[PDB]
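Engineer: Quick one, structure for this:
(2 chains, ligands or ions: 2)
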Number of protein chains: 2
Amino acid sequence: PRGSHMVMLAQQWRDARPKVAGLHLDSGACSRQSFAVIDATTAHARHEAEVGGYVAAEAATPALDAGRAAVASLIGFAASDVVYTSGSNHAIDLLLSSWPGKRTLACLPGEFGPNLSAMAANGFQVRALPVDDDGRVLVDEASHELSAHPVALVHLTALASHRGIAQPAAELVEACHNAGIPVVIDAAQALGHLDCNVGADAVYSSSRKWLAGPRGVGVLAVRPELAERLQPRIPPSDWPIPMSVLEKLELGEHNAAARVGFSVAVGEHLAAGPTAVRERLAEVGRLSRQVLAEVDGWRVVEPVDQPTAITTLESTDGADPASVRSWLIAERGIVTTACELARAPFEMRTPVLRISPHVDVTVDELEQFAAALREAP
Amino acid sequence: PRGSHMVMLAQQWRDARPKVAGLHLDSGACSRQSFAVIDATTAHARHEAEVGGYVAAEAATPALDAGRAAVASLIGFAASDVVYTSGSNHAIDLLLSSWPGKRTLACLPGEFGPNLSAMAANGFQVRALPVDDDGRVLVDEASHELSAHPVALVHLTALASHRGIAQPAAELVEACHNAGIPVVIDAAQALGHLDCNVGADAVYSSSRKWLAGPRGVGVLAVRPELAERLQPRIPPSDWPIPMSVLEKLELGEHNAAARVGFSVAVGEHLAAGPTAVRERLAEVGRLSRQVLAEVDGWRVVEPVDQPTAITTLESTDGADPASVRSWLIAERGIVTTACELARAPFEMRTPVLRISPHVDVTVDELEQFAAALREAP
Ligand SMILES: *[C@H](NC(=C)C(=O)O)c1c(COP(=O)(O)O)cnc(C)c1O
Ligand SMILES: *[C@H](NC(=C)C(=O)O)c1c(COP(=O)(O)O)cnc(C)c1O
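Structural biologist: Numbers count the residues shown, from 1 in each chain, chains lettered A, B, ... in the order given. Ligands and ions are numbered 1, 2, ... in the order given. Shown next is the protein structure:
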């Protein structure tokens, strides 16, 4: 029952942000904005009012591009491959709505419901990939399956919203490449605590989660080979105006402030040491699961040493997590997320309570949670 | 050459916002956020970090609904008919992508390019409506035309981004209703200086303009008869999850902060007196056009007494406004918008410089502009 690695990171992180009113263990849903991030945003809006809205935006180009670059660095793409979105669903929809010719797709059974929804809405046939009892892709079986039965692209949610299994992203991406098939990665969850530098052809993620930037921002990155094959829904493909596929994908009103906010927030991840941060988040999972290994009416779902901060609890006596969550919030200020089946229809047989705490979490807090979980009605 | 009505409104408005670095005459592109609005936004983001992101959002429901209601009041819809968007293009796309059965449409020749683009992208046949030499719809001819040749809906940009003609919105809407045809109104420009209470079946607008709220927010309002006929692209119409058409349209990650920001900003319009504000904006146009009636190399396009703050200048010696604009900004701190043909392809034969100043503008400033316009190379 091993103890915690003391890191000045956990502490710097905590103090860089407003103090939690209660106890916040859902950076997986929406993390917490640093003062700098918050202020960077406010600043932009202030500046919009001074110099003019679109001149302010121009002025922010350095900062916007900063963020692209930072994002690019974490996924191994070019900054010029990275576009801004409203989030990871805007992202996957921009992508799939743009996707040329044949629209077959393989993905995990664990695939995110709203993703499947976008997949379906864009007319993709969607096969499952072989997995283990956890939902972790069997990379071998999948390679064989993908050669035998080819598919127009593979969509890998590298880290799932509903379960803290880290998918073997890089080895699936090579397997898929060996079969001559592109890989889209949903890194909404993964960007910030999984090595997202893995060879993917497109990646997307959201600002508000592990990168702890503003809501209303996400990113989509597409390798230029793929980017230029894409056919944006809007404008129509018979286009008088000459702009690139990515320029088309990034077209539309948006909170630029939030985007500069985001840029700060990514910068801050890089600043803290990507690799340093992921190791802590992995530890956070360990501690979280070791601390929660002993709770009646609640089973920990993920293997102890999954390198992840998402841990999920299945109720062993029919308790509904949705309720437990809103209890935990209203009574004890503890913020959690409650994952309904719709999050992963073809894998979740039963809902779960999701702890997703950041580096800042202490063993006290994990213990406060465990405690408060027991006292829960 | 009549003078200005002194109103404590102009002054209250100015002082409620950060002071303009130079001179800002493009509230038509992006206006200026009050301190309250800016702070309301920051606050939300701060609060996200304290209590949790989605609990903060819940908490803001009062404020969010406030804004719907306020918007609703200005267009004569129910607050429950109003949904939040990213802007007026998200809006028209959400609408047209959702539109059932036959997709014919009539609109002005003056129709906004990006609108036509969305129209086309959603497979609408798009007829023009009869207009005068200004582009103002001939309501009579149009009624006759719409009875003789029916169309699945009419799309009226009530106030055009490229020209400060106020379209006879209410009388066209009855004409269209007398022919049994619904009206969608693009009130991106109009919401805030035209009476948008006119009988339209859907209306949409943006936060960042005359309502001077945050970027990344717009609104879409749809009357329930129409709302429930609509078929959202995403999720697919074969939907396991039971949510209303509007709930579907409002689904997706977003800057909630910005939305509460917006709510403040609408509130502030109501607070100032809608009718009071529009009368000033109309005066602003008068003054703007009277002050600019005498400039060489620049003709005022709109009739003097169009009840509008948008005035546009056509260069009489081949000057490119794009350039003049970026000169005006870099040299004299005067912010303007330069309207390229793409803004209204089937009406604009030639680009224009657009003054769109708010209530705060003084005759000095309009004169400073006129002056600075002369000295421009
Ligand atoms: C993020 N989502 C959540 C609210 C959560 O609690 O998990 C998410 C997204 C959705 O992207 P948006 O930015 O549009 O919200 C994408 N896919 C995954 C795996 C996920 O974690
Ligand atoms: C607003 N647009 C401008 C940038 C301008 O300078 O006019 C606009 C919109 C576009 O909506 P978004 O909120 O997506 O930008 C819609 N239609 C009109 C008439 C217009 O003024």
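
Engineer: Tell me which residues touch the residue of chain A positioned farthest from its centre, please.
Structural biologist: No residue in chain A sits farther from the centre than residue A:240, which is 36.0 Å out by CA atoms, centre = their mean. Residues near residue A:240 by CB atoms under 8 Å, 6 or more residues apart in numbering or on different chains: B:342, B:345. C-beta here means a position set from N, CA and C on the backbone, and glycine is covered the same way.

Engineer: Could you pull out the strands in the stretch 251-377 of chain A for me?
Structural biologist: For the stretch 251-377 of chain A, the strands defined by DSSP state E, counting those that start in this stretch cover A:299-300, A:311-314, A:334-335, A:337-339, A:352-355.

Engineer: I'd like to know which of these is closest to residue B:58.
Structural biologist: Taking CB to CB, strand A:334-335 is the member of the strands of the stretch 251-377 of chain A nearest to residue B:58, at 11.5 Å.

Engineer: Give me the contact list for the closest one.
Structural biologist: Identification of contacts with strand A:334-335 by CB under 8 Å, 6+ apart yields A:22-26, A:328-329, A:368-369, A:372, B:51-52, B:55.

Engineer: Is it possible to get TSV of the strands of the stretch 251-377 of chain A that adds mean neighbour count?
Structural biologist: Converted to TSV, those look like this (neighbours: other CB atoms under 10 Å in any protein chain shown):
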stretch	mean neighbour count
strand A:299-300	17
strand A:311-314	24
strand A:334-335	26
strand A:337-339	23
strand A:352-355	26
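
Engineer: Quick one: closest of the ones you listed to residue A:285.
Structural biologist: Set against residue A:285 and scored by CB to CB, the strands of the stretch 251-377 of chain A come closest in strand A:311-314, at 5.8 Å.

Engineer: follow-up on the earlier one: give me the phi and psi for the residue farthest from the centre of chain A.
Structural biologist: When read as degrees, to the nearest 10, the backbone of residue A:240 gives phi -40, psi -40.

Engineer: quick one: it from residue B:176, how far?
Structural biologist: As defined by CB to CB, to the nearest Å, residue A:240 lies at a distance of 29 Å from residue B:176.

Engineer: returning to what we had before: just to be sure, which of the contacts of strand A:334-335 are found in helices?
Structural biologist: Among those, the members falling in helices (DSSP state H) are A:328-329, A:368-369, A:372, B:51, B:55.

Engineer: Contact partners for the closest residue to residue A:304 other than its chain neighbours?
Structural biologist: Beyond its immediate neighbours in the sequence, the residue positioned closest to residue A:304 (CB to CB, 6 or more residues apart in numbering or on different chains) is residue A:289, lying 5.0 Å away. By CB under 8 Å, 6+ apart, residue A:289 lies in contact with A:300, A:302, A:304, A:311.

Engineer: okay, now the third one: neighbour count?
Structural biologist: The number of residues packed near residue A:304 is 12, by other CB atoms under 10 Å in any protein chain shown.

Engineer: Does residue A:193 touch residue A:282 like I think?
Structural biologist: Yes - counting by CB atoms under 8 Å, residue A:282 is a contact partner of residue A:193 at 7.3 Å.

Engineer: Pick out the residue in chain A sitting closest to ligand 1.
Structural biologist: Of chain A, the residue with the smallest distance to ligand 1, taken as CB to the nearest ligand atom, is residue A:87 at 2.6 Å.

Engineer: residues in contact with the nearest residue to that residue once chain neighbours are set aside?
Structural biologist: Spatial nearest neighbour of residue A:87, chain neighbours left out: residue B:253 (3.0 Å); criterion: CB to CB, 6+ apart. With contact set as CB under 8 Å, 6+ apart, residue B:253 has these partners: A:86-90, A:206, A:208, A:215-216, A:218.

Engineer: what about the residue of the stretch 51-200 of chain A at minimum distance from chain B, how many neighbours?
Structural biologist: The minimum distance from the stretch 51-200 of chain A to chain B, using CB to the nearest CB, falls at residue A:53 (2.4 Å). Residue A:53 has 26 neighbouring residues, counting by other CB under 10 Å.

Engineer: Leaving out chain neighbours, which residue sits closest to it?
Structural biologist: residue B:30 (2.4 Å).

Engineer: looking at it, the one you found is touching residue A:55, isn't it?
Structural biologist: No - with contact defined as CB under 8 Å, residue B:30 does not reach residue A:55; the gap is 9.3 Å.

Engineer: So for these two, which sits in the more crowded spot?
Structural biologist: Taking neighbours as other CB under 10 Å, residue B:30 and residue A:55 compare with residue B:30 leading, 28 against 24.

Engineer: Residue A:272 versus that one, what's the distance?
Structural biologist: For residue B:30 relative to residue A:272 (CB to CB), the value is 34 Å.

Engineer: what do you get for residue A:337?
Structural biologist: From residue A:337 to residue A:272 the distance is 24 Å (CB to CB).

Engineer: now swap in residue A:53 and tell me
Structural biologist: As judged by CB to CB, residue A:53 and residue A:272 stand 32 Å apart.

Engineer: tally of neighbours for the residue of the stretch 1-150 of chain A found nearest ligand 2?
Structural biologist: Scanning the stretch 1-150 of chain A for proximity to ligand 2 using CB to the nearest ligand atom identifies residue A:54 as nearest, at 7.5 Å. Residue A:54 has 18 neighbours, counted by other CB under 10 Å.

Engineer: What segments of the stretch 101-250 of chain A are strands?
Structural biologist: A:104-107, A:125-128, A:154-157, A:183-186, A:202-206, A:218-222.

Engineer: As JSON lines, these with distance to ligand 1 would be great.
Structural biologist: As requested, the strands of the stretch 101-250 of chain A are exported to JSON lines (distance: least, CB to the nearest ligand atom, whole Å):
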{"stretch": "strand A:104-107", "distance to ligand 1": "11"}
{"stretch": "strand A:125-128", "distance to ligand 1": "15"}
{"stretch": "strand A:154-157", "distance to ligand 1": "5"}
{"stretch": "strand A:183-186", "distance to ligand 1": "5"}
{"stretch": "strand A:202-206", "distance to ligand 1": "3"}
{"stretch": "strand A:218-222", "distance to ligand 1": "5"}
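
Engineer: Need these in JSON lines (columns: mean neighbour count).
Structural biologist: Formatted as JSON lines, the strands of the stretch 101-250 of chain A follow (neighbours: other CB under 10 Å):
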{"stretch": "strand A:104-107", "mean neighbour count": "22"}
{"stretch": "strand A:125-128", "mean neighbour count": "15"}
{"stretch": "strand A:154-157", "mean neighbour count": "27"}
{"stretch": "strand A:183-186", "mean neighbour count": "27"}
{"stretch": "strand A:202-206", "mean neighbour count": "30"}
{"stretch": "strand A:218-222", "mean neighbour count": "29"}
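
Engineer: which residues does the residue of the stretch 51-200 of chain A closest to chain B contact?
Structural biologist: The contact partners of residue A:53, taken as CB under 8 Å, 6+ apart, are B:26, B:29-31, B:208, B:215.

Engineer: So it versus residue A:46, what's the distance?
Structural biologist: 12 Å.
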